[PDB]
Every structure is written in structure tokens, then in C-alpha cells.
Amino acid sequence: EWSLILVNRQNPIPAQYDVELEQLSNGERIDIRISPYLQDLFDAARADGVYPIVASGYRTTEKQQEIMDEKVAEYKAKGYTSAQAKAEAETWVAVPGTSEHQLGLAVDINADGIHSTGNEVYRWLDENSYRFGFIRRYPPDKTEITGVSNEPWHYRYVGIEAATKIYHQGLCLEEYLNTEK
């Protein structure tokens, strides 16, 4: 199924992967197929007094490289050699071609700041996102399977059916897909 595509360090985005993008009010772009589900999610959060924003949706190859390089630089400044910094940065930011952001199926969701804090939004997403087809992609108890640190902002659309099962069983996407055989 299209919404269950696996992208990670071992599963690059296919060459010639087509995505039709829609622009949100803030200029971030998403796969048009997830648009109503993301809108429903945001509508529900706001009905609960929780006010999120899409900090980052779709990214081009060059954008992903720039974000990765900026993370490498942050490590270099904290006392890592370039090689150490690259390896450490990858636990947060994927090498170009291996980010879900390049699918259009992932959004980094933050708080608006003024009505909600980060932790309020992250908590609401953790407890509710699956009802709209999104999963907390990189949970803190699955870093040894996903290869990614706790990123409570990063939500991936898989569809309501899969998201609900993933949530109830406490899985990451890799486990879910493996268990489907």
C-alpha cells in the first residue's frame, strides 16, 4: 500500500518517486493525499485548545542536505571531529534520499508558542495522532530499531488502519511491516 512505504537508512526513496504537493498556508508542502487527514488532525487539536503548526513538511534533496549539514556543524562546535559529527547527526537528520520528509508524508509539528507549549502539542499528538492516520514515527523506546533519536515532533502518515494498530500494539513502522511478513 502506497501509505506504508518504508523510508529509512536501509530503504532510500525510489528514483523517480512522484509526489503531487499541496501548499499549506505557511508555505510548507505536503503530499496532496494526506491533506484532509492533516486538516482533521489540526482541527481536532484546536478543538481541544491545542494549537500546532507545521514546522516542516516536504523537503527537496538540497534542503535535506542543508539541514543535515547544519546539524553536523552543531556537533562540530560541541567538540566532535567532522567524521564523529556526521555519525552523530544521522541519529537526528537523515542523509538525503533517506528522509521521510522527501516523501511528502511526514510533518514536523511544533506548538504555535503563544497558545500552546511544545510539550502540550507533543503530548496531544502522542495520544491522538493515530485517529487521523499519523504515527509518532521515532518513539523513545524504539531507537534501537528505527536508528533515530526521540523526535516527538516528527509525524508520518500511514493511514488510519495501520496507525491505529501501530498505536495499540506500541510498535514502530519497521516492526509493523516486518510482522506483516
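From 1 onward, residues are counted along the sequence shown.
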item: Mean C-alpha temperature factor, higher of 172-180 and 2-10; value: 172-180
item: Stretch with the greater mean C-alpha B-factor as recorded in the entry, comparing 32-40 against 111-119; value: 111-119
item: Residue, from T143, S56, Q64, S129, that the PDB entry assigns the highest Cα B-factor; value: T143
item: Position of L125 among the chain's modelled residues by C-alpha B-factor, lowest, middle or highest third; value: lowest
item: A77 - which third its CA temperature factor falls in, relative to the rest of the chain; value: highest
item: Modelled-residue ranking by C-alpha temperature factor, third containing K71; value: middle
item: CA B-factor placement of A15, once the chain's modelled residues are sorted into thirds; value: highest
